[PDB]
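Notes to accompany the following structure.
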Protein chains: 2
Amino acid sequence: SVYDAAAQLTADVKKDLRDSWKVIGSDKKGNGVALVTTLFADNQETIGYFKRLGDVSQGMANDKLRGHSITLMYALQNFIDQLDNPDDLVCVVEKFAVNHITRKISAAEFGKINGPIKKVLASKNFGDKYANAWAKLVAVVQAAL
Amino acid sequence: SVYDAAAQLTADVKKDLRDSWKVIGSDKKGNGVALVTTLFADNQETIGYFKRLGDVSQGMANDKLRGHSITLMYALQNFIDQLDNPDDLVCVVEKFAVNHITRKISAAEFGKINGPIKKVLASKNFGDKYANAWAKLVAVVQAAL
Ligand code: HEM
Ligand code: HEM
């Protein structure tokens, strides 16, 4: 269950998530756009899903893409803030899961975000240990898809 | 015009928004559920739009309602964090406006949130001065609907 995935996050994993978020979450506009644009760069097959955003090749200049990217970072802020109460983490994760289920995004496709997260983390010198911790958080959402 | 509306957020208004948010934003789960449930209590005619959340009279005990309410508070957090840059405030406001336009929510009905905000603020000893500041922020979203 999603609760199981959530309840499994250990103290060490939560520590790594919080420490790295202190940095990557400090510039939501910059890192959010980097995250989304990297997804498009490395997984071009996903571009079609974001037609509402218009020309995503415009990057930062695209106001719809910028608004979407900043907001995505607040979903992550939400997750990080709920780490110590699995009950609250689960209800917010299911909320965002619905946003993706309606767009026909499978658990496997949602996992495509792990590559971009790993790259953004690396840009701030957060290595594999941190990428693995984030993959565990993403897996909580995957349990809901 | 959303831009002209954003221009109404003067130094004094921004300060009142930040000062009051420091308190109401400190308990997103508690104050978010209070805000949403007050909207339902005071404007029963809006409950029909929230069919996805199930039985909203259950308040905090309703997982979907709790997830929705917490997330709503992060949208407000987002707005507050963008107060320094109007172009960014506008792009995030338009993102959330679309979420409501697709739900068929007009500027007038969106404005029904002012009553609940005034009440939640009053419960934390923040009077009309603050309620009016928040009404100006809500007005930016209304301009985009
Ligand atoms: C860290 C992981 C991710 C987070 C936290 C996240 C968060 C969000 C948020 C907050 C929204 C806006 C929901 C709405 O207002 O309707 C959104 C929309 C969307 N997401 Fe994600 N997402 C993630 C990964 C992905 C991935 C990997 C895909 C695709 C393979 C995806 C596809 C979509 C699509 C198609 C939309 C709709 C965009 C639009 O038309 O506005 N998401 N996402
Ligand atoms: C401070 C004001 C408000 C904020 C910041 C806000 C924010 C949000 C957010 C973040 C969502 C989730 C969007 C999504 O994932 O699709 C949402 C959904 C929704 N909002 Fe609001 N909202 C506000 C006021 C209102 C008001 C006053 C109404 C109705 C009169 C309204 C009606 C809706 C509806 C119908 C949904 C869809 C719920 C669902 O089925 O999940 N909102 N709102």
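Convention: sequence-line order gives letters A, B, ...; per-chain numbering from 1. Each ligand, and each atom within it, is numbered from 1 in the order the structure gives.
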So which residues get pulled into B:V33's cluster when ILVMFWY side chains under 4.5 Å apart are joined, directly or through others? B:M60

Nearest protein heavy atom to atom 11 (C) of ligand 2, by residue and atom, and its distance? B:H68 CE1, 4.2 Å

By salt bridge (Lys or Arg N to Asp or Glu O under 4.0 Å) - contacts of A:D42 (at least two apart): A:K119

Going by the angle between their ring planes, with limits at 30° and 60°, are B:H100 and B:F110 parallel, tilted or perpendicular? perpendicular

Kindly determine whether A:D88 and B:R66 satisfy side-chain contact (heavy atoms from CB on, under 4.5 Å), including the steps that lead there. CA-CA 8 Å; A:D88 292 333; B:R66 195 171 67 262; 3.2 Å; yes

Which ligand 1 atoms are under 4.0 Å away from a heavy-atom of A:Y49? 35 (C)

Around atom NZ of A:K64, are there more than 12 heavy atoms of other residues, nucleotides or ligands at under 6.0 Å? no

Under 4.5 Å between any side-chain heavy atoms of B:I24 and B:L121, yes or no? yes

Looking only at protein heavy atoms, which one is nearest to atom 5 (C) of ligand 1, and what is the separation? A:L76 CD2, 3.8 Å

Taking atom 39 (C) of ligand 1 as the reference point, the nearest protein heavy atom with its distance: A:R52 NE, 3.5 Å

Write out the residue and atom name of the closest protein heavy atom to atom 28 (C) of ligand 2, then the distance separating them to 0.1 Å. B:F50 CZ, 4.1 Å

A:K95 touching ligand 2 at heavy-atom level, < 4.0 angstrom: yes

When the ring planes of B:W21 and B:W134 are compared, do they come out parallel, tilted or perpendicular, using 30° and 60° as the limits? tilted

Do the side chains of A:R18 and A:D84 get close enough for a salt bridge, i.e. N-O under 4.0 angstrom? yes

A:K112 near ligand 1, heavy-atom distance under 4.0 Å? no

Test side-chain contact (heavy atoms from CB on, under 4.5 Å) on B:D81 and A:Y74 and set out the steps. CA-CA 11 Å; B:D81 289 341; A:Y74 279 93; 2.5 Å; yes

Please check whether B:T71 reaches ligand 2 - meaning an N/O of the residue sits under 3.5 Å from an N/O of the ligand, judged on distance alone. no

Going by side-chain contact (heavy atoms from CB on, under 4.5 Å), name the residues that satisfy it together with B:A133, two or more places apart in sequence or in a different chain. B:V13, B:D16, B:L17

Neighbouring protein N, O or S atoms of atom 21 (Fe) of ligand 2 [cut-off: under 2.8 Å, no waters]: B:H100 NE2

Would you mind running through ligand 1 and noting each atom that sits below 4.0 Å from a heavy atom of A:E109? 27 (C), 30 (C)

